[PDB]
Amino acid sequence: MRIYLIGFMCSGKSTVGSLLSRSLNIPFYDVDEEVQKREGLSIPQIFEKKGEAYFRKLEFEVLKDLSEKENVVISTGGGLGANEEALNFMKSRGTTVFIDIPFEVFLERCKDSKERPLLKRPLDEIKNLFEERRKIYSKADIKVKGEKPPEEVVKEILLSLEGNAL
């Protein structure tokens, strides 16, 4: 079984993913972390040395490679999860799970590429992107409330997975 976690960077994908993989006895992997370890460069460092196109294509490649495993929980980056092609690929391999957080939570927890708190960046700079990426995230097989503590979100996912895929 392949389980994909999608949503904004500050939605707890990585943490919930680990807890989830532990309760299902399957390995956990985070695309961005794998992309960096493979290139030996930080994400920022990546679109610098190499263009972003090279990064956007790299993370998709990494996603596919990770998806060779039949049992695994894979957390995705903000953009990758908002990539419909990558999202459709994910559905053809397993269950996609959108850990949804409201705009106010996003604003207080997330940061931009320069690690600056979004709560201090101009609003118009990120409101449209949040609204648009969320429209793609919503296309997920399963959607759970990510405002809750990580352990509670895991129970939500498990309960959803249980009544599922019969």
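Please treat every number below as a calculation from the coordinates, not as lab data. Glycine gets a Cβ as well: all are built from the backbone with ideal geometry, and neighbour counts include every protein chain shown.
Any idea what the relative contact order of region 1-81 is, in percent, if you count C-alpha pairs under 8 Å spaced at least 6 apart?
In percent, rounded to a whole number, it is 55.
Counting each DSSP H run of 4 or more residues in the chain as -39500 (n - 2.57), what helix-only mean residue ellipticity at 222 nm follows after dividing by all residues, to the nearest 500 deg cm²/dmol?
Helices in the chain give a 222 nm mean residue ellipticity of -15000 deg cm²/dmol.
Taking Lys148 as the anchor, which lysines have their alpha carbon closer than 18 Å to its alpha carbon, excluding any fewer than eight residues away along the same chain?
Excluding near neighbours in sequence, the set is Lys13.
Using R₀ = 22 Å, calculate the FRET efficiency as 1/(1 + (r/R₀)^6) where r is the Cβ-Cβ separation of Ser113 and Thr15; round to 0.05.
E(calc), rounded to 0.05, equals 0.55.
Computed over the Cα atoms of the chain, what is the convex hull's projected area averaged over all directions, in nm²?
Mean projected area of the Cα convex hull: 9.3 nm².
Which residue fluctuates the most in the chain, going by a Gaussian network model with Cα springs under 10 Å, if the choices are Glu115, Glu85, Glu131?
Of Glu115, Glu85, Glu131, the Gaussian network model singles out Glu115 as fluctuating most.
How long is the gain from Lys49 to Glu125 if the chain were fully straight, where each residue apart is worth 0.36 nm and the alpha carbon distance is subtracted?
Taking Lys49 through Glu125 to full extension adds about 24.8 nm, to one decimal.
Please tell me the relative contact order of region 2-166 in percent, rounded to the nearest whole number, where contacts are Cα pairs under 8 Å and at least six residues apart.
Rounded, it is 34 percent for region 2-166.
Quick check on region 91-166: take the gyration tensor over C-alpha atoms, sort the square-rooted eigenvalues as a ≥ b ≥ c, and tell me if it's rounded (a/c under 1.5), prolate or oblate.
prolate
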